[PDB]
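Notes for the one structure printed next.
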Amino acid sequence: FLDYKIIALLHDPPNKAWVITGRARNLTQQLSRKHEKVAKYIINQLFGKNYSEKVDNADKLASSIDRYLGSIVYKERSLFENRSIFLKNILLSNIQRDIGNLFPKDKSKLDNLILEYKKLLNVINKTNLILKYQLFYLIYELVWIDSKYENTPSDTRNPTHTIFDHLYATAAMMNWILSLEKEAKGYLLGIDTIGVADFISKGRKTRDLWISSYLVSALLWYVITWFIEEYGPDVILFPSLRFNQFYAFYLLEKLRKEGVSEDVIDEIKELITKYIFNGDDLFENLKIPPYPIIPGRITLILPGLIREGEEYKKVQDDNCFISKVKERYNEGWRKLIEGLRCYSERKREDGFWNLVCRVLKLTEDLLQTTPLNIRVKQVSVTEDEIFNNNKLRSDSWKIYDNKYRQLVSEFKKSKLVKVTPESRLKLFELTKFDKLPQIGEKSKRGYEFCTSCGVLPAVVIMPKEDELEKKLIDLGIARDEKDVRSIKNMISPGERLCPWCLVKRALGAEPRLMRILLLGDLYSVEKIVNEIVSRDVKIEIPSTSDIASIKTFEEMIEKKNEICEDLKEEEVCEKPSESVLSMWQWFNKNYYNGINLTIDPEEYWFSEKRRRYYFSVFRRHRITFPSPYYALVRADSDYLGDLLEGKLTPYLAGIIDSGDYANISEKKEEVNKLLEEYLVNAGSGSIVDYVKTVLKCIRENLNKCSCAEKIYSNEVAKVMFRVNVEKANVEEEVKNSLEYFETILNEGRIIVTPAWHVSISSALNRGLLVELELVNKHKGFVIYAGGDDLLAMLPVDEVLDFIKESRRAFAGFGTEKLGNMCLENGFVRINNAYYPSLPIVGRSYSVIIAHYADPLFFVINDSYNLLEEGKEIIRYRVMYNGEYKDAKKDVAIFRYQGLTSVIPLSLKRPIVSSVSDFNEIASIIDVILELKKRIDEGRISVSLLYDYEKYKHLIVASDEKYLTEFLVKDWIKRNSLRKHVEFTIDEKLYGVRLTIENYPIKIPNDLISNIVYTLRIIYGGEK
Amino acid sequence: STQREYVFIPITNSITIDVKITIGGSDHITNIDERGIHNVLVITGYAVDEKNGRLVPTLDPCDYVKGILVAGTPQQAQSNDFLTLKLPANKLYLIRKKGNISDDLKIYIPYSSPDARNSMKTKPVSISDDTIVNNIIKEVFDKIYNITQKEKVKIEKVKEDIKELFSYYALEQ
Amino acid sequence: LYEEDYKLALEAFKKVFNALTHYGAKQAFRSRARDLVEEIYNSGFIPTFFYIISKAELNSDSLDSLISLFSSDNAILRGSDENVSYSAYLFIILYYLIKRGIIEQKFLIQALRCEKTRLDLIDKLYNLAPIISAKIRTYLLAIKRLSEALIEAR
Amino acid sequence: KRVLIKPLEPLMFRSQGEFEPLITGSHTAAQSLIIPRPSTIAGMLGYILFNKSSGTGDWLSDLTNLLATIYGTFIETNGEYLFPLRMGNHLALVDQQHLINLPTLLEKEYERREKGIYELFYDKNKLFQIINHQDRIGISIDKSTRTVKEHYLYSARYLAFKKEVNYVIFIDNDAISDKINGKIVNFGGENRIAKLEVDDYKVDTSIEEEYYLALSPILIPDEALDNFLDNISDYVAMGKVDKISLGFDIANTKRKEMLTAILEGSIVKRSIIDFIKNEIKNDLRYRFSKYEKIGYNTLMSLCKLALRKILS
Amino acid sequence: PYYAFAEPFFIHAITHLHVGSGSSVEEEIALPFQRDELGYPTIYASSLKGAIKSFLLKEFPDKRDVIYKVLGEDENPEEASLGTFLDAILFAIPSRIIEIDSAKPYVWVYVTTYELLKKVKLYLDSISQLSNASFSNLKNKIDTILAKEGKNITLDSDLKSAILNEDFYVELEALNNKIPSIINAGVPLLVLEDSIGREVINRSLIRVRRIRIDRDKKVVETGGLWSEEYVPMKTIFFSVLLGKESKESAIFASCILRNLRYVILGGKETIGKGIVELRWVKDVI
Ligand SMILES: [Zn+2]
């Protein structure tokens, strides 16, 4: 219940698998259903249990297993008597983990933590408000995993659920299970943003890019700020907060000017640093979460009531709900504009702010609308679908799945019409008369367009070249020199910015203002800008030419002692006394090395007149001339948004395509082999001999309710004991379990439930943190996150390995630690933890080797299309249980100004069916890396790359394996300077062909040609 | 097994006696829940014969006719002039799809002879004249859906849709 | 266009590979495959072909072995390495001429039997020397690659 | 009646950062619209019939005083009639055979309609068999240095046709379809040429129907914008709406206007006509009648080739 | 009308030509020629017009105003241009021949395809209307040839067979009639079908690897190696210069056009790549 929902999230002690069937008998011994006692014991100082009907069906309608292991066995721990605590994979069924002798212990070890909350939770002045819930929803995981305690699975029978995920799904479903008693209009709210990439690409200078990706995440965050305290937390369903660098930041700020104590935040800020942030540059020292990690593809679960202060209205207001979200989004944009106006007034006298102070009064009617439209649906549920006149109704497992299907079909029905947010504006009155506010050159031909947005009429015009100083004074901008400095510094001459891109440049010159909408009815619209004025937190942001020069930066750093002599006549070995804090970890790991890393390499050694200088300085100091190329990697997951619906497309990408869910009966022979195998492996212990009985009873010879009418196999033997079950009706063991499995293997998907979604959510969050730490382990720079994808720049040399290390990490298989995510072979394993990974869902990367001076709009849009179309056009041979079939997704595409090469990543269609599958994920990239080592270190001549043109048609034209083996072998040996090296293609790659039809891009067909294309791309990128 | 019937919705009084069974089972395809009518089926390629309004089999895809779907076999004096068929619930042009079907459904359609003597210069007609929309509310939505006047308090909402959702073509000969 | 020839050459090489038994004959065939392709395009097709047949020793028994090799698969053209390899390369050229219809197959299989028509074969080839210099280059270079790859150097 | 415009060479209709379905090899400072906006065909016809009786006018009154009601515009290969089809930043060209049965696709099951959409825009979309998107780079050269004149480097994506393609527009008053036949003209773009060839091909001109197809952008008055962009599902079923600039008037050398529109190729519902008519009923209505006069608001029956304006 | 007169003309490559475009598709070429849409070389009307204007602004410096009017102004776009070139269409490339079974031996012949002839037709058709000098004989030749679309036809008698570009063998179905020589080159002219004409033409383009050598030690400089593609000598392009009556287009055709015949097109003038001859097809046929 509201402000009592903690018993929901806490109904079980996370040592639940340790007290079932007496696995720990002393826990219920020195204490003042069996496991529920310590559950009732640990729910103390706040309330007892809410088992009358608050948590009952919520636990029943979140677990999605009451229907799997039978409704009575689900509530009889002493059946199948599992003393062995196996942890199972949620997506897989074979990946396991053993849990032993690591659990809280009774009345002397159970108190080592329960009061440590009360070292930091109680002391603050609070009338038992929901800030406790907002300070339990996340740091419960933290006080657990910091107490070196292993996350136990949910049910000793079917352990495809971590206790934390179980209780979080409980709490999630509790909203619906409560609200549908009074008004019976619980909701499943889905918020979505339109044209993310289309918006991000509208910028320049990489500052507009970063803040655009930050806007798309904040403006959506601000929506839930008005929803994470309005009806509290635990509501935002799919974008989880269990590991969320925005929930954290908001909290640590919410514990300021609301419940501010000092030692408490000392206790937790360091604690939250380790298990959610890991970055030495915390939320503080930037005063902003450095990574935009909100996807946009967010969904929420709703009671259907509203509190106006100590009093909630159990009133329907059926559809007067989503317009509230829309007006909140608009109000967030209004707040950001108001904050920009205030900061321009506080900066009344400064060039770059003498303009925004001017434009934010030149036009305000236009800016009243957001620069990004959202797309909102809302599906409804009524008590007639949860209960049958008082009690848990049949098919109640089916509804949530059916509701999510309804919501996704509402969305896919709205994708069919795209509404660019620019369409919202009103311009017929201005663009027909002399009504456009132009600063600088007022174009005599009506107006011009923005050089960043491209479409909207710009309001500012800086001259191209007369002398580039006077004309700023002539045309009412500069009027002096103290401000034309900032003018020429923040917006290059010859630029034309619409209002929205002008706002983008403003924010990219002042990131802190995002707090204005990053907190959300938590401060004053002026408090934040006042805190900003009272500081001078300068932020540096990498450019394209900046990231194109990591290696030369580090060579100047390693040659720091013999270079500044030849330097210092151009002010490069200088030291900037200010404390600039970039969001680029590689900068934070440097810039205290007597090197002004805060410079514009475009100016000095990427110029046209000064590079002839520096190359000389380089020609005698043994440093390579810098590389005018960076890489632009962008990932995305296959069918993740359709994995949330349970379809088998992520398990078999290409084999079971999307469209095959209309008449999936055509593809019946495989969907069985997937689901029935999953199930017979789903659930360890002795139940394995049970689900196996009925698995094919559906149509072998038994019709409906017919394996249930014949098979007494084992259930009668799991009964007839002491006092266990007092209801002799044993048909209920299979009377409805047969229908459960019949639905599963008749509809071809997993029965979606809130637990499924929250598990995959936390998994996506952990994968985020991992990939963030991975980009930062390399010298890259993150531009986005969101589980579905990841956008980031990084130098051209550290791409392949990164990709090779990215996917393997995304599939939960790594070699090194990740700060504290000590990765495993299918689990993430924070210190004595084991959370399930995403081992079966694939991943697809897009890379663009782009010269630094290229039009960021175009390079980003190309990185987007080269992954969207490429994701749906490429096919290749994949071994479907030995025999080969054709796959679709899970590739890596490279682009070097046209020169393209698609590299597959799995070549084994059910991505993982064995612990040894992980070794062969992205192995082709390991092949390329080995070959690059042998070529650079001079064991294989470079000419091997070009000498392939002659072996191309031969290897392509040979349908025999060993013959191509000898062919590639002598092609390697001929250009093999050492002449007895053992670099050998993995002998399976012979024959993997790639067909790319219905598009005019030029792609090689054979894997061995794509490998050499990738090598040529990477090499030519470093020159 | 499970069967249903299509019934045209014209503006002419060929509507009174065409149905025989009101519930059949416990449910009908055409649902009306708190938002107006759902699952309205359209028959494309065929036109009507409004005087005893019946389905004239044309080949023009421009010709469409709409009607609602309910359970039953019509009046038990028919089926030598009607369309009885069975389609697995995926090959029916149903507008305002709300729920799902079990991928099997037996349908009945009021069918006509082409009257192979004249040139079918057809023409579509719209639902106006709320007076007709009023006295058609009873004949089709009462003897068939008893839930009306109990759950549909928004008759005025389910009135406009008649004048904007349902339409068809006619021979006019 | 000659992009099917990378398969034709594969077939012909598979034949002449399973045809030579003594490995020395295989290495000698590799030598011929490297040597003759330059001469064909330096000195002309007719001179090189005269050289090939002169070194091939067209006797009816080895001729029968070749005739079967055209159709059979276990065929064993035997003799001496430096003399069976030239016949193998002549077979390469003839397999090409047959399978690309440049010369009619029955006429070839017949003139490889009756000594009198064996001379009219050479005459025909003289009347098709320009045509068989343009078509066959890709095929012979593919054979060269295959020889250097699959037959270990001596 | 019907006018054929065959491009004699690749040709470009400038577009502001609007088309990003295509995997571009390299960048280009200006894309090319696939089908020329009706402002362009309007102005192209007005250029032939221009005299000094023009006087003052918002480039359209004077323009409308020269021609009949242009109807729309679509592709025409040998015999075939290709038609624009868009689903949101995703354009396509298809023939009549696949328009006839769209409504079912637009309302059918989830995965069935996903299949249909997929095979529409990828499989049966005949775009890439017609249009090749060739890029041209241009520079200028100062006669003094005899090298590239600095800062003068423009990059344009042209529209190159793989086979003989015409543009089909319908007009009236053959009193002008005489002075227009067999005349090469600088069809919109940087000095490109297309040939006009008028024939006699009668078509229907009015039909009522559930779904329509927008052969030309339907203009939104912006007094409806606020009360229209909230309920798109009522009006449009598939396509794309966004701000478009009308063009560029040659009279006084200025960008013309800007207003949200439904781009060429878009499935609208019959709830469009009543909306537009019963939203603007004043000087706005006369303005938009001037607009539609030059082929702006145009629908086309998904079943047979039959057109209709909105406000007339 | 605002297009009163037309002016078709051929573009005879005296030396090799290079009309470039940045490295775009790079079938192992770093500086490709200007493709058409299909892959054939063509000269953009931009390059063509700019080079012709630049040339005329020196060999006729006094008439700078007439050139300005007919071919656009430099800094005064108060007025549009009154002349306009169409994209120069490739009309016939040379090709080395080893002619089997023929009487008069040849070492090289011209080569075109039916695609190029259709593209030339399009021009000649779309022009004859205004063209008071209807090129009925030339257009009749071109649409007679196009009757035989689908056969490797020759515009002569004595070929019957040949090996083009030392790689492609063709059986030249002759012309069942007699056709006057399109140009005054006694050399034959093969009209191959497509997809075999794409090879003979694609192989007739001079691709060249080039390098840059360290001036001091006769050794290559790093990164100083690229390739280029030229159009061979004697190649023939086709284009039309359109025009709208201006009473200075009259003098522009009276003095300028009939006078000039050699022009420098394309890049690499220092390598002597771009001297080209302009032949107006109104005095010849
Ligand atoms: Zn802009």
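Chain labels follow the order of the structure tokens: the first chain is A, the next B, and so on; residue numbering restarts at 1 in every chain, and ligands are counted from 1 in their shown order.
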Problem - Surrounding residues as a list in words, ligand 1, max 10 Å, only C-alpha atoms and all ligand atoms - result: residues 202, 203, 422, 449, 450, 451, 452, 453, 454, 455, 456, 457, 458, 459, 496, 497, 498, 499, 500, 501, 502, 503 and 504 of chain A
Keeping only C-alpha atoms, write the selected residues to a file as a compact mmCIF listing (two decimals), in the first residue's frame.
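What follows is the written file result_0.txt:
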# COMPACT_ATOMS: atom_id res chain seq x y z
CA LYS A 202 20.84 18.48 -35.58
CA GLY A 203 23.99 19.79 -33.90
CA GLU A 422 9.27 21.48 -36.16
CA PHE A 449 18.00 28.32 -42.66
CA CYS A 450 19.97 27.12 -39.68
CA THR A 451 23.35 25.57 -40.44
CA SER A 452 22.70 23.04 -37.67
CA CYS A 453 18.98 22.29 -37.73
CA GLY A 454 18.98 22.74 -41.50
CA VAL A 455 15.23 23.31 -41.78
CA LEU A 456 14.21 26.18 -39.57
CA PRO A 457 14.81 29.87 -40.31
CA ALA A 458 17.84 31.03 -38.39
CA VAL A 459 17.71 34.15 -36.23
CA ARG A 496 23.37 30.52 -38.83
CA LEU A 497 21.43 29.19 -35.84
CA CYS A 498 17.70 28.77 -35.42
CA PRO A 499 16.30 29.52 -31.96
CA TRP A 500 16.55 25.86 -30.96
CA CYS A 501 20.13 25.31 -32.10
CA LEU A 502 21.01 28.63 -30.49
CA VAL A 503 19.62 27.26 -27.23
CA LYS A 504 21.73 24.17 -27.86
Practice task
Taking only C-alpha atoms into account, report as number ranges by chain which residues of chain C lie within 8 Å of chain E.
Solution key: C: 1, 130-131, 134-135
Keeping only C-alpha atoms, take the residues you just selected and write them out as a PDB file, in the first residue's frame.
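Written file, again00.pdb:
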ATOM      1  CA  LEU C   1      33.101 -12.281 -69.095  1.00  0.00           C
ATOM      2  CA  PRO C 130      43.207 -15.744 -81.692  1.00  0.00           C
ATOM      3  CA  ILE C 131      39.955 -16.804 -80.033  1.00  0.00           C
ATOM      4  CA  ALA C 134      41.484 -14.147 -75.070  1.00  0.00           C
ATOM      5  CA  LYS C 135      39.083 -16.584 -73.460  1.00  0.00           C
TER       6      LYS C 135
END
Practice task
Would you please extract all strand (DSSP E) residues from segment 860-994 of chain A, as assigned by DSSP on the backbone, and give them as a ChimeraX atom specification?
Solution key: /A:874-880,883-887,891-896,899-904,994
Go ahead and write the residues just picked, N, CA and C atoms, as a CSV table (one decimal), in the first residue's frame.
chain,number,residue,atom,x,y,z
A,874,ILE,N,21.3,-7.3,-44.2
A,874,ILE,CA,22.4,-8.2,-44.3
A,874,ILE,C,21.9,-9.6,-43.9
A,875,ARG,N,22.4,-10.6,-44.5
A,875,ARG,CA,22.2,-12.0,-44.1
A,875,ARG,C,23.5,-12.8,-44.3
A,876,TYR,N,23.6,-13.9,-43.5
A,876,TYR,CA,24.8,-14.7,-43.6
A,876,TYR,C,24.5,-16.1,-43.1
A,877,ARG,N,25.3,-17.1,-43.5
A,877,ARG,CA,25.2,-18.5,-43.1
A,877,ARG,C,25.5,-18.7,-41.7
A,878,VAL,N,24.6,-19.3,-41.0
A,878,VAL,CA,24.7,-19.6,-39.5
A,878,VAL,C,24.4,-21.1,-39.3
A,879,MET,N,25.2,-21.8,-38.5
A,879,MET,CA,25.0,-23.2,-38.3
A,879,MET,C,23.9,-23.5,-37.3
A,880,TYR,N,22.7,-23.8,-37.9
A,880,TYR,CA,21.5,-24.2,-37.0
A,880,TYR,C,21.6,-25.6,-36.6
A,883,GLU,N,23.8,-28.0,-39.2
A,883,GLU,CA,23.4,-27.6,-40.6
A,883,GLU,C,23.3,-26.1,-40.6
A,884,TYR,N,23.6,-25.5,-41.7
A,884,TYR,CA,23.6,-24.0,-41.9
A,884,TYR,C,22.3,-23.5,-42.3
A,885,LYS,N,21.9,-22.3,-41.8
A,885,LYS,CA,20.8,-21.5,-42.2
A,885,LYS,C,21.3,-20.1,-42.4
A,886,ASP,N,20.3,-19.2,-42.6
A,886,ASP,CA,20.6,-17.8,-42.9
A,886,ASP,C,20.2,-16.9,-41.8
A,887,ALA,N,21.1,-16.1,-41.2
A,887,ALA,CA,20.8,-15.2,-40.1
A,887,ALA,C,20.6,-13.8,-40.6
A,891,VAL,N,25.7,-8.3,-36.3
A,891,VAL,CA,26.9,-8.0,-37.1
A,891,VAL,C,27.6,-6.7,-36.6
A,892,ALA,N,28.7,-6.4,-37.2
A,892,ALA,CA,29.5,-5.2,-37.0
A,892,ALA,C,29.8,-4.6,-38.3
A,893,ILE,N,29.4,-3.4,-38.6
A,893,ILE,CA,29.6,-2.8,-39.9
A,893,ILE,C,30.6,-1.7,-39.7
A,894,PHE,N,31.5,-1.6,-40.7
A,894,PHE,CA,32.6,-0.6,-40.7
A,894,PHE,C,32.4,0.3,-41.9
A,895,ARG,N,32.7,1.6,-41.7
A,895,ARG,CA,32.6,2.5,-42.8
A,895,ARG,C,33.8,3.4,-42.8
A,896,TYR,N,34.5,3.5,-43.9
A,896,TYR,CA,35.6,4.4,-44.1
A,896,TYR,C,35.4,5.1,-45.5
A,899,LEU,N,34.0,2.8,-48.2
A,899,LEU,CA,34.6,1.5,-48.0
A,899,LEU,C,33.9,0.8,-46.8
A,900,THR,N,33.2,-0.3,-47.1
A,900,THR,CA,32.4,-0.9,-46.0
A,900,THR,C,32.7,-2.4,-45.9
A,901,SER,N,32.4,-3.0,-44.7
A,901,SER,CA,32.7,-4.4,-44.5
A,901,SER,C,31.8,-4.8,-43.3
A,902,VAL,N,30.9,-5.7,-43.5
A,902,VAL,CA,30.1,-6.2,-42.4
A,902,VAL,C,30.7,-7.5,-41.8
A,903,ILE,N,30.9,-7.5,-40.5
A,903,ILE,CA,31.5,-8.6,-39.8
A,903,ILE,C,30.5,-9.2,-38.9
A,904,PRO,N,30.1,-10.5,-39.1
A,904,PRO,CA,29.2,-11.1,-38.2
A,904,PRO,C,29.9,-11.3,-36.8
A,994,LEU,N,27.7,-13.8,-47.3
A,994,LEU,CA,26.8,-12.7,-46.9
A,994,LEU,C,26.1,-12.1,-48.1
Could you make a table, as a tab-separated table, of the residues of chain A that have an atom within 9 Å of an atom of chain C, each with its nearest atom pair and distance in Å to one decimal, counting only C-alpha atoms, in chain and number order?
residue	atom	partner	partner_atom	distance
A:950	CA	C:145	CA	8.4
A:951	CA	C:145	CA	7.9
A:953	CA	C:6	CA	6.6
A:954	CA	C:6	CA	6.0
A:956	CA	C:6	CA	8.9
A:957	CA	C:7	CA	5.9
A:958	CA	C:7	CA	7.1
A:963	CA	C:150	CA	7.5
A:966	CA	C:149	CA	6.3
A:967	CA	C:149	CA	5.7
A:968	CA	C:149	CA	8.8
A:969	CA	C:149	CA	8.2
A:970	CA	C:149	CA	5.8
A:971	CA	C:149	CA	8.2
Exercise for the section: Find the spatial neighbours of segment 200-204 of chain E, counting only C-alpha atoms, within a cut-off of 9 Å - ignore same-chain residues fewer than 6 positions away - and output them as an NGL selection string. Expected result: :E and (39-40 or 93-96 or 111-112 or 164-165 or 167-168 or 192 or 231-232)
Atoms to include: N, CA and C atoms. Write the selected residues as a tab-separated table (two decimals), in the first residue's frame.
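Wrote result-v8.tsv, looks like this:
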chain	number	residue	atom	x	y	z
E	39	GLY	N	27.42	3.97	-65.17
E	39	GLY	CA	28.82	3.66	-65.02
E	39	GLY	C	29.62	4.21	-66.18
E	40	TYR	N	28.93	4.72	-67.17
E	40	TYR	CA	29.65	5.26	-68.30
E	40	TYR	C	30.22	6.63	-67.96
E	93	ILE	N	33.57	5.25	-77.65
E	93	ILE	CA	34.93	5.18	-77.13
E	93	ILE	C	35.76	4.40	-78.14
E	94	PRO	N	37.07	4.59	-78.20
E	94	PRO	CA	37.92	3.69	-78.98
E	94	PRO	C	38.13	2.37	-78.25
E	95	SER	N	38.61	1.39	-79.01
E	95	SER	CA	38.89	0.08	-78.46
E	95	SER	C	39.84	-0.65	-79.39
E	96	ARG	N	40.83	-1.33	-78.82
E	96	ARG	CA	41.74	-2.12	-79.63
E	96	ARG	C	41.05	-3.36	-80.14
E	111	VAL	N	33.46	2.13	-80.29
E	111	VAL	CA	32.55	1.22	-79.61
E	111	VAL	C	31.51	2.03	-78.88
E	112	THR	N	30.24	1.70	-79.09
E	112	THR	CA	29.13	2.25	-78.35
E	112	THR	C	28.20	1.12	-77.94
E	164	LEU	N	37.80	-7.67	-78.99
E	164	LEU	CA	37.90	-6.29	-78.56
E	164	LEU	C	38.66	-6.19	-77.25
E	165	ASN	N	39.61	-5.26	-77.19
E	165	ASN	CA	40.39	-5.00	-75.99
E	165	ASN	C	41.08	-6.25	-75.48
E	167	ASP	N	40.38	-9.07	-74.76
E	167	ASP	CA	39.75	-9.95	-73.79
E	167	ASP	C	38.36	-10.41	-74.17
E	168	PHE	N	37.65	-9.74	-75.07
E	168	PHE	CA	36.25	-10.02	-75.32
E	168	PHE	C	36.05	-10.31	-76.79
E	192	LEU	N	27.84	-2.55	-79.60
E	192	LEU	CA	27.64	-3.78	-78.88
E	192	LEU	C	26.36	-3.71	-78.06
E	231	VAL	N	40.01	9.13	-69.71
E	231	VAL	CA	39.25	8.74	-70.89
E	231	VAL	C	40.21	8.76	-72.06
E	232	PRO	N	40.29	7.69	-72.84
E	232	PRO	CA	41.32	7.61	-73.88
E	232	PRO	C	41.16	8.69	-74.93
Please identify every residue of chain D that has at least one atom no farther than 10 Å from an atom of chain E, counting only C-alpha atoms, and for each give the shortest atom pair and the distance in Å to one decimal, arranged by chain then increasing number, as JSON lines.
{"residue": "D:6", "atom": "CA", "partner": "E:126", "partner_atom": "CA", "distance": 9.5}
{"residue": "D:7", "atom": "CA", "partner": "E:122", "partner_atom": "CA", "distance": 9.8}
{"residue": "D:8", "atom": "CA", "partner": "E:123", "partner_atom": "CA", "distance": 7.0}
{"residue": "D:9", "atom": "CA", "partner": "E:87", "partner_atom": "CA", "distance": 6.9}
{"residue": "D:10", "atom": "CA", "partner": "E:87", "partner_atom": "CA", "distance": 8.5}
{"residue": "D:25", "atom": "CA", "partner": "E:24", "partner_atom": "CA", "distance": 7.2}
{"residue": "D:26", "atom": "CA", "partner": "E:24", "partner_atom": "CA", "distance": 7.2}
{"residue": "D:47", "atom": "CA", "partner": "E:2", "partner_atom": "CA", "distance": 8.7}
{"residue": "D:48", "atom": "CA", "partner": "E:1", "partner_atom": "CA", "distance": 5.9}
{"residue": "D:49", "atom": "CA", "partner": "E:1", "partner_atom": "CA", "distance": 8.5}
{"residue": "D:131", "atom": "CA", "partner": "E:37", "partner_atom": "CA", "distance": 9.4}
{"residue": "D:132", "atom": "CA", "partner": "E:37", "partner_atom": "CA", "distance": 6.8}
{"residue": "D:133", "atom": "CA", "partner": "E:37", "partner_atom": "CA", "distance": 8.5}
{"residue": "D:134", "atom": "CA", "partner": "E:37", "partner_atom": "CA", "distance": 7.0}
{"residue": "D:135", "atom": "CA", "partner": "E:24", "partner_atom": "CA", "distance": 9.0}
{"residue": "D:136", "atom": "CA", "partner": "E:21", "partner_atom": "CA", "distance": 7.7}
{"residue": "D:137", "atom": "CA", "partner": "E:21", "partner_atom": "CA", "distance": 6.9}
{"residue": "D:138", "atom": "CA", "partner": "E:46", "partner_atom": "CA", "distance": 7.5}
{"residue": "D:139", "atom": "CA", "partner": "E:47", "partner_atom": "CA", "distance": 9.1}
{"residue": "D:140", "atom": "CA", "partner": "E:50", "partner_atom": "CA", "distance": 8.4}
{"residue": "D:141", "atom": "CA", "partner": "E:54", "partner_atom": "CA", "distance": 9.1}
{"residue": "D:142", "atom": "CA", "partner": "E:54", "partner_atom": "CA", "distance": 9.8}
{"residue": "D:143", "atom": "CA", "partner": "E:54", "partner_atom": "CA", "distance": 7.8}
{"residue": "D:159", "atom": "CA", "partner": "E:37", "partner_atom": "CA", "distance": 9.5}
{"residue": "D:160", "atom": "CA", "partner": "E:37", "partner_atom": "CA", "distance": 6.2}
{"residue": "D:161", "atom": "CA", "partner": "E:37", "partner_atom": "CA", "distance": 7.3}
{"residue": "D:162", "atom": "CA", "partner": "E:37", "partner_atom": "CA", "distance": 6.7}
{"residue": "D:163", "atom": "CA", "partner": "E:119", "partner_atom": "CA", "distance": 9.5}
{"residue": "D:164", "atom": "CA", "partner": "E:122", "partner_atom": "CA", "distance": 8.8}
{"residue": "D:179", "atom": "CA", "partner": "E:1", "partner_atom": "CA", "distance": 8.2}
{"residue": "D:180", "atom": "CA", "partner": "E:1", "partner_atom": "CA", "distance": 8.0}
{"residue": "D:181", "atom": "CA", "partner": "E:1", "partner_atom": "CA", "distance": 10.0}
{"residue": "D:182", "atom": "CA", "partner": "E:129", "partner_atom": "CA", "distance": 7.1}
{"residue": "D:183", "atom": "CA", "partner": "E:1", "partner_atom": "CA", "distance": 6.4}
{"residue": "D:184", "atom": "CA", "partner": "E:3", "partner_atom": "CA", "distance": 6.8}
{"residue": "D:185", "atom": "CA", "partner": "E:3", "partner_atom": "CA", "distance": 7.4}
{"residue": "D:186", "atom": "CA", "partner": "E:2", "partner_atom": "CA", "distance": 9.3}
{"residue": "D:190", "atom": "CA", "partner": "E:46", "partner_atom": "CA", "distance": 9.4}
{"residue": "D:191", "atom": "CA", "partner": "E:84", "partner_atom": "CA", "distance": 7.1}
{"residue": "D:192", "atom": "CA", "partner": "E:86", "partner_atom": "CA", "distance": 7.7}
{"residue": "D:193", "atom": "CA", "partner": "E:86", "partner_atom": "CA", "distance": 7.7}
{"residue": "D:194", "atom": "CA", "partner": "E:126", "partner_atom": "CA", "distance": 8.8}
{"residue": "D:195", "atom": "CA", "partner": "E:126", "partner_atom": "CA", "distance": 6.7}
{"residue": "D:196", "atom": "CA", "partner": "E:126", "partner_atom": "CA", "distance": 9.3}
{"residue": "D:197", "atom": "CA", "partner": "E:126", "partner_atom": "CA", "distance": 9.9}
